[PDB]
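If you count by the authors' numbering, then the sequence shown holds residues 7 to 43, 50 to 141, one letter each, in order.
Here's the structure, in structure tokens; my notes come after.
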Amino acid sequence: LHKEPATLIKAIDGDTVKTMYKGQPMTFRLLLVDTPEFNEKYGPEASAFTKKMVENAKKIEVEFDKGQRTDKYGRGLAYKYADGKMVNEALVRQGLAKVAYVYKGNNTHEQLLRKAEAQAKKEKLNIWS
Ligand SMILES: Cc1cn([C@H]2C[C@H](OP(=O)(O)O)[C@@H](COP(=O)(O)O)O2)c(=O)[nH]c1=O
Ligand SMILES: [Ca+2]
């Protein structure tokens, strides 16, 4: 896989962000994770974590997997990076997302994320507390 440029338009919630990609606005849903909804426990903390991470970044990048690049809602499906740090992994490592929605052929970073989740579980962080 490879990273491509994107520029933040707006933080949305823990696992969705609006970014401009090849000059067009899109809403991206982060691959391989599930944050709580804003109305659910930790939902606001996940939203604020992702928002801080993308708003503070000097450089956002998007990385598509090998499979489907959009979902049925027309959202982009990608791994997102903020100054080189994967947002999807960072959420999981902080116990603010579960590994979820692991579909065959768009699961290149699964094992990296499962290892973050195990570590967040060991530390009993947030969702795992
Ligand atoms: C992350 C992800 C979500 N989705 C779809 C499955 C879920 O469908 P349903 O809407 O029918 O439940 C929905 C969950 O997204 P949210 O967790 O953003 O609600 O997005 C994909 O199809 N592919 C993906 O890789
Ligand atoms: Ca969600």
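The beta carbon of each residue, even a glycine, is placed where N, CA and C say it ideally should be.
Check	Outcome
Run of the alpha helix (DSSP H) containing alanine 128, from where it starts to where it stops	122-134
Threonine 13 Cβ short of 7 Å to ligand 2 heavy atom set	no
DSSP state of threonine 62 mapped onto helix, strand, coil	helix
Alpha-carbon spacing of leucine 7 relative to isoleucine 18, whole angstroms	25 Å
Counterpart residues of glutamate 73 in DSSP-defined beta bridges	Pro11, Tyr93
Closer than 6 Å: residues whose CB approaches a heavy atom of ligand 2	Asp21, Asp40, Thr41, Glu43
Euclidean distance between Cα positions of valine 111 and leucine 37	9 Å
Stretch-stretch touch, CB-based, cutoff 8 Å, three pairs: the segment 84-100 with the segment 58-73	yes
Proximity test, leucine 37 beta-carbon vs ligand 1 heavy atom, cut-off 7 Å	yes
Nearest candidate by alpha-carbon position, reference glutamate 43, set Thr22, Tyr27, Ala69	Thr22
Assigned secondary structure, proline 56 (DSSP; H/G/I helix, E/B strand, else coil)	helix
Alpha-carbon to alpha-carbon, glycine 117 and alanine 132	25 Å
Contacts around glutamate 67, its chain only, beta-carbon distance under 8 Å, and the 5 residues preceding and following it disregarded	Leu14, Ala17
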